[PDB]
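Participant:
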Amino acid sequence: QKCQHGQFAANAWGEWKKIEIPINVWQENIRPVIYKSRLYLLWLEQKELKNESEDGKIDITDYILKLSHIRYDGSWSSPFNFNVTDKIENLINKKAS
Amino acid sequence: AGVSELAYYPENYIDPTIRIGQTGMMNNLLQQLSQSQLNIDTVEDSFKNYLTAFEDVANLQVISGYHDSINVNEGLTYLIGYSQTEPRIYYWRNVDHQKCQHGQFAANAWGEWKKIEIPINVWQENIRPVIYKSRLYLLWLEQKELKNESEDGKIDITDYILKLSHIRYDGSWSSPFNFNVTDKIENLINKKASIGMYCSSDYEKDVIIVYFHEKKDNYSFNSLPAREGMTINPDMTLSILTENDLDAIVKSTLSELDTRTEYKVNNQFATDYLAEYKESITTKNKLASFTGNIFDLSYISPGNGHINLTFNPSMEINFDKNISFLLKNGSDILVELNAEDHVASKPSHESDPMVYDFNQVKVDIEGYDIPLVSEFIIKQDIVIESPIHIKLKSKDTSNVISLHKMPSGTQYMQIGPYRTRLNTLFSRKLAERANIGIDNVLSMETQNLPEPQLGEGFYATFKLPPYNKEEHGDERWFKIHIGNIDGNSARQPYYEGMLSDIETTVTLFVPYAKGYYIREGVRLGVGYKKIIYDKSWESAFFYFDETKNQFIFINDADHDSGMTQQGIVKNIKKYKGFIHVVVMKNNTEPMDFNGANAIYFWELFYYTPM
Amino acid sequence: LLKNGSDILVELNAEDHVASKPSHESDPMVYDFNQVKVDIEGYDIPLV
Amino acid sequence: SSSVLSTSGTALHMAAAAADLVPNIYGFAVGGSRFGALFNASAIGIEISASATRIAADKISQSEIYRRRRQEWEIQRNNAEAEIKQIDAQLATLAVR
Amino acid sequence: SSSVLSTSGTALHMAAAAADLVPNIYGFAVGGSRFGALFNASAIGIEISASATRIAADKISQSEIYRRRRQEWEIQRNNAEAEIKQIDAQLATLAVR
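Protein sequences appear in the order of chains P, A, Y, U and C. Going by the entry's author numbering, the first sequence opens with residue 1117, and the numbers climb by one from there. Residues 1020 to 1338, 1500 to 1560, 1567 to 1796 (the entry's author numbering) make up the second sequence, in order. Going by the entry's author numbering, the third sequence opens with residue 1506, and the numbers climb by one from there. Going by the entry's author numbering, the fourth sequence opens with residue 2136, and the numbers climb by one from there. Going by the entry's author numbering, the fifth sequence opens with residue 2136, and the numbers climb by one from there.
(1) Classify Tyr1680(A): buried if its beta carbon has 16 or more other beta carbons within 10 angstroms, exposed otherwise.
(2) Please report the straight-line C-alpha distance between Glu1170(A) and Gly1172(P), rounded to a whole angstrom.
(3) Can you list, in chain order, the residues of its chain with a C-beta nearer than 8 Å to that of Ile2190(C)? Leave out the 5 residues immediately preceding and following it.
(4) Taking 8 Å as the limit between beta carbons, can you name the residues of its chain near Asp1746(A), skipping five residues before and five after?
(5) Would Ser1220(A) be called buried (16 or more neighbouring beta carbons within 10 Å of its own) or exposed?
(6) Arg1187(P) touches chain A at which residues, Cβ-Cβ below 8 Å?
(7) Assign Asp1500(A) to buried or exposed, taking buried as 16 or more other Cβ atoms, counted over all protein chains shown, within 10 Å of its Cβ.
(8) Starting from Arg2205(U), trace the alpha helix (DSSP H) both ways and give me its first and last residue.
(9) Quick check on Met1770(A): does DSSP put it in helix, strand or coil?
(10) Can you check the segment 1052-1102 of chain A for any beta strand (DSSP E) of at least 3 residues that lies completely inside it and give the ranges in chain order?
(11) I need the boundaries of the alpha helix (DSSP H) containing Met1777(A), first residue and last residue.
(12) Can you check which of these residues, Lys1700(A), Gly1673(A) and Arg1662(A), is closest to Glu1682(A) by C-alpha distance?
(13) Could you spell out where the beta strand (DSSP E) holding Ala1676(A) opens and where it closes?
(14) Can you pull the chain U neighbours of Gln2225(C), defined as C-beta to C-beta under 7 Å?
(15) So is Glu1105(A) in contact with chain P if we call contact Cβ pairs under 7 Å?
(16) By a C-beta neighbour count over all protein chains shown, 10 Å radius and 16 as the cutoff for buried, is residue 2247(C) buried or exposed?
(17) Measuring alpha carbon to alpha carbon, tell me which residue in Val1200(P), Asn1197(P), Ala1212(P) and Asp1189(P) is nearest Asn1068(A).
(18) Which value, in whole angstroms, describes the spacing of the CA atoms of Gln2211(C) and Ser1194(P)?
(19) Taking buried to mean at least 16 other C-beta atoms within 10 Å of its own C-beta, is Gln1056(A) buried or exposed?
(20) Nearest to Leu1158(A) by alpha carbon, out of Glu1131(A), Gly1084(A) and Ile1174(A)?
(21) Go ahead and pull the three-state DSSP assignment for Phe1791(A).
(22) Smallest Cα separation from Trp1723(A): which of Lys1734(A), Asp1742(A), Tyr1714(A) and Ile1717(A)?
(23) With 16 as the cutoff for other CB atoms within 10 Å, does residue 1575(Y) come out buried or exposed?
(24) What are the residues that DSSP puts in a beta bridge with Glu1546(A)?
(25) DSSP state of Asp1266(A), grouped into three classes?
(26) Could you tell me whether any Cβ in chain Y is nearer than 7 Å to the Cβ of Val1768(A)?
(27) Just how far apart, CA to CA, sit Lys1182(P) and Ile1150(P)?
(28) What in chain P is Cβ-close to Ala1617(A), meaning under 8 Å?
(29) Could you name the residues of the segment 1679-1711 of chain A whose beta carbon sits closer than 7 Å to any beta carbon of chain Y, in the order they occur along the chain?
(30) Taking 7 Å as the CB-CB limit, is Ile2200(C) close to chain U?
(31) Between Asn1167(A) and chain P, is there a C-beta pair that is closer than 7 Å?
(32) Could you confirm whether any beta carbon from chain P is found closer than 7 Å to the beta carbon of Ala1077(A)?
(33) Applying a beta-carbon distance threshold of less than 9 Å, which residues of chain U neighbour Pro1148(P)?
(34) Please report whether the beta-carbon of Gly2162(C) lies at a distance below 7 Å from any beta-carbon of chain A.
(35) Considering only the alpha carbon of each residue, which of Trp2208(C), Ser2198(C) and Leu2173(C) lies closest to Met2149(C)?
(36) Out of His1121(A), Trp1132(A), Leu1276(A) and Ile1139(A), state which residue places its alpha-carbon closest to the alpha-carbon of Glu1105(A).
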């Protein structure tokens, strides 16, 4: 609303605010989302555990979606875990970003 | 004069700081606010910090409860709710049924949510509370799944463990007592079904009954579900439960078991009756104390509504036509005994206490509440009264508290025709006001925000005639009764009001559950001190039109060939007793400041700015 | 009356096209005119 | 600020406990996870809560001792004002003498 | 409240120790469990008990210093009451003179 013609004033920019929940993204797939005028935060984590051998070759990779939203006092919620590794492996067997 | 002034003008004595019953968020706000210097930024940060805790308390969801007494309308329920966090943190609150004067709880009955401090990791939300020796015990199961998920050395070790914790007097929680139960749970799990959990406290025997059952859609009293029995002593040592006693227990309380679709609340376990009585009662005359007593009480229910009492009364006079036993009903003399007649081994005077031990007293009474009175009469004027109250456990579906969860997010507890909201969606609407401004959350718009209506339901406004000492009678009230809800299709006292002058209306919420509405749907008639209504279409018959997905007033006009839920009936009259009855077409019922979270709403909107 | 900024799109009355006109015995008088259908074009439609 | 900020770590300790309950190891050893992590996080949240209300008590104590210092200064100011009035009236009676 | 609430964590630490004594791992590796968890929980309960009685000592010290402040105010009040009586009797002898 502050950019009167294409170009923002310095009034429009807010301060950087550090989020406190530690986040370990896989390949930087992390987006914010304003939901019910509340800042929700979404990203994915991966857990690659590869044996890298032949006798008992174990290749367990787990992709998990995490969700956190801010509170009124600036604190961040606990991350809500969602197992999504089946859909991500469906998108990953067809080899694409 | 100070006490009488506190009665008459309480406005002089209320301070906005302290209050008997203020909550932990209020006290934390007061700690955050008590400085010598209070800036606008400081008080707004403290208010946001209070708003965070208010949001976290409003975002609770009830799992399960435990009504304390046998009958619903007597004891007090203990509800358990959880927070919306990944380390899911559980709470408990307490609501009394002595305060609901007619079906609906006051805000006095609801207690504060109290956070339990022992961290609990339930498997599939099988967690029940249990009041044992008037102490809040808490039961749940944990699982430990360890699967290799391979072929070479496929290891599948799963361990199910029952944990028990009870509260202390200072609010702290005990250490959880572990119980390996994984063999019984794997027995119930190899037969592939959902695992239920019954947790209650016997009072005749002093143990707690825990059996897990499979979940059917209906338990038909003869097709018993697959069950695994267990029992815990007063000490946390575990006792075994044989299958015959287990089948007796399941036959006793199949009705309080949770099905696959609807969650129940376990009451206090009781087989047929409960004998509320004391053993020895003293008198202490200045001649001699007497202390007559009843020693070995035993009662066997031969059928449904009957009993076979058996006990051995005695008198213990310590320092003929004399001392006599008398067992009476409220007016019926059932058993009358004497000292010279039918007393085996009359005691000698060489004993300083004279114990008599009359005989074994047998009687057969019928009924559901038997307030017997045992009297030990001496005269020549000394009577020892000893009451015995025997109460039947009613096995109706109305004697089971049912709680539900609407898909809109609300969560109501339903006791028969009555429903009571336990949750709120206020925190989901609060953030849009809060990020705009602190003026906006304390606006009246935030208080006039609507909420869902506890199931399907509908409303109806009943306009009533003036009182004129005829067509009503003398006592000047009205009892809006109800019929055809459950399998019971008869007159139930739904709502009562006092009849008033020229015009009075009342909006009543009437639910719907699609297993309800037996014949022609729900009827709704008036009561009076004179002859009541509801005789062959005098009442207001409603039914749910399944086609148009709406509720139809059927008794509108004097209709001919009118459609009910059964079908088309021929001759329909008009509703009588009322003046105007109509459907109220999606009422709002905004926030319920006399509800369950009434204390939190009042603390947010009045006590905090004060 | 449903209007655009200047176009009168849907104009309704109480005597005309109101199904089940309410009685005076009801203290709120709910009317429930009919189902109003209209077809507008454009990207910003500030209807009134 | 210390009393407010110290209470924001219980959610993180609970999140650490919830994250360290899933089994770490896989394969021929099935999995190792500390089971008492939730109890340890609840105990350490209780301890950090006790520290937070301790420092809240220190804060309110400092506020009250500042208030008492101001009240004592008010006493001294009233005494000195009475003294300067008395010496002024003594100057008056000295002029009369 | 701090002195009461700080002592409620020993049961949780003992429960963590009792929960972390069963073997975590299974399968071809038989099981790993820290054996000194009970000793560590007893030591940390002793330390939190020492902190609780320390802050109880601070609480009773604050109560006694408030009592001494009140007693000193009582001294000052009695001195000022004697002073106002003395100046009133001096006003009487000035009227006589």
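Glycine included, each C-beta is placed from N, C-alpha and C at the ideal position.
Facilitator: Straight from the coordinates:
(1) The sequence position of residue 1680(A) within the second sequence is 494, counting from 1. It is buried - the Cβ of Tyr1680(A) has at least 16 other Cβ atoms within 10 Å.
(2) Position 151 of the second sequence, counted from the first residue, corresponds to residue 1170(A). Position 56 of the first sequence, counted from the first residue, corresponds to residue 1172(P). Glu1170(A) and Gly1172(P) have their C-alpha atoms spaced approximately 9 Å apart.
(3) In the fifth sequence, counting from the first residue as 1, residue 2190(C) sits at position 55. Hits under 8 Å: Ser2137, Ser2138 and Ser2141.
(4) Position 560 of the second sequence holds residue 1746(A). Result list for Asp1746(A): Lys1756, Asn1757 and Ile1758, in chain order.
(5) Here residue 1220(A) refers to the residue found at position 201 of the second sequence. The Cβ neighbour count for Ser1220(A), taken over all protein chains shown within 10 Å, is at least 16; the residue is labelled buried.
(6) Residue mapping note: residue 1187(P) aligns to position 71 of the first sequence, counting from 1. Chain A residues near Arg1187(P): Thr1071 and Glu1074.
(7) For this step, residue 1500(A) is matched to residue 320 along the second sequence. Looking at its Cβ environment, which holds fewer than 16 other Cβ atoms inside 10 Å, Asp1500(A) is exposed.
(8) Here residue 2205(U) corresponds to residue number 70 of the fourth sequence, with the count starting at 1. Note, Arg2205(U): alpha helix (DSSP H), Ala2172 to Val2231.
(9) Locating residue 1770(A) in the second sequence gives position 584, where the first residue counts as 1. Correct three-state label for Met1770(A): coil.
(10) At a cut-off of 3 residues, the continuous stretches assigned as beta strand (DSSP E) that sit fully inside the segment 1052-1102 of chain A are 1080-1086 and 1095-1101.
(11) One-based indexing of the second sequence puts residue 1777(A) at position 591. Run containing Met1777(A): none; DSSP gives neither H nor E here.
(12) The count along the second sequence starts at 1 and reaches residue 1682(A) at position 496. Among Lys1700(A), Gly1673(A) and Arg1662(A), the Cα nearest to that of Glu1682(A) is on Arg1662(A).
(13) Indexing the second sequence from 1 puts residue 1676(A) at position 490. Neither: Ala1676(A) is in no beta strand (DSSP E) and is coded neither H nor E.
(14) Within the fifth sequence, numbered from 1, the residue matching residue 2225(C) stands at position 90. Counting only Cβ-Cβ distances below 7 Å, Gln2225(C) has no contacts in chain U at all, with the closest Cβ about 12 Å away.
(15) The sequence position of residue 1105(A) within the second sequence is 86, counting from 1. By this cut-off, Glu1105(A) is an interface position.
(16) In the structure as shown, chain C starts at 2136 and stops at 2232, and residue 2247(C) therefore has no counterpart that could be examined.
(17) Here the question's residue 1068(A) lines up with position 49 in the second sequence. The option with the nearest alpha carbon to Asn1068(A) is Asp1189(P).
(18) Looking up residue 2211(C) in the fifth sequence gives position 76. Looking up residue 1194(P) in the first sequence gives position 78. Going from the Cα of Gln2211(C) to the Cα of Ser1194(P) covers about 57 Å.
(19) Looking up residue 1056(A) in the second sequence gives position 37. Classification for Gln1056(A): exposed.
(20) Start at 1 with the first residue of the second sequence, and residue 1158(A) comes out as number 139. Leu1158(A) has its Cα closest to that of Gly1084(A), out of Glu1131(A), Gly1084(A) and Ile1174(A).
(21) Taking the second sequence and counting its residues from 1, the one referred to as residue 1791(A) is at position 605. Judged by DSSP in its simplified three-state form, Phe1791(A) adopts helix.
(22) Along the second sequence, read from residue 1 onward, the residue named residue 1723(A) stands at position 537. The residue with the shortest Cα to Cα distance from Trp1723(A) is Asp1742(A).
(23) As shown, chain Y starts at 1506 and ends at 1553. That puts residue 1575(Y) outside it, with no answer to give.
(24) Sequence index remark: in the second sequence, residue 1546(A) carries index 366 (1-based). Looking at the DSSP assignment, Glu1546(A) forms a beta bridge with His1325(A).
(25) Residue 1266(A) sits at position 247 when you count from the first residue of the second sequence. Note: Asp1266(A) maps to helix in three-state DSSP.
(26) Looking up residue 1768(A) in the second sequence gives position 582. Yes, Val1768(A) lies at the interface with chain Y (some Cβ there is under 7 Å from its Cβ).
(27) Looking up residue 1182(P) in the first sequence gives position 66. Looking up residue 1150(P) in the first sequence gives position 34. Answer to the nearest angstrom: the Cα atoms are 16 Å apart.
(28) Locating residue 1617(A) in the second sequence gives position 431, where the first residue counts as 1. Per Cβ cutoff of 8 Å: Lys1152, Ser1153, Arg1154 and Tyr1188.
(29) Hits within the stretch, in order: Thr1691.
(30) In the fifth sequence, counting from the first residue as 1, residue 2200(C) sits at position 65. It does not: the Cβ of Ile2200(C) has no partner Cβ on chain U nearer than 7 Å.
(31) The residue you call residue 1167(A) lines up with position 148 of the second sequence. Not a single C-beta of chain P is nearer than 7 Å to the C-beta of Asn1167(A).
(32) Reading the second sequence from its first residue, position 58 is the one you call residue 1077(A). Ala1077(A) does not count as touching chain P.
(33) Within the first sequence, numbered from 1, the residue matching residue 1148(P) stands at position 32. Taking a Cβ-Cβ threshold of 9 Å, none of the residues of chain U is close to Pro1148(P); the smallest such distance is about 20 Å.
(34) Locating residue 2162(C) in the fifth sequence gives position 27, counting from the first residue. So yes, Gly2162(C) belongs to the interface.
(35) Within the fifth sequence, residue 2149(C) is the residue found at index 14, counting from 1. The shortest Cα separation from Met2149(C) among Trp2208(C), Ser2198(C) and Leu2173(C) belongs to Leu2173(C).
(36) Counted from its first residue, the second sequence places residue 1105(A) at position 86. Out of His1121(A), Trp1132(A), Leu1276(A) and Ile1139(A), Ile1139(A) has the C-alpha closest to the C-alpha of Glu1105(A).
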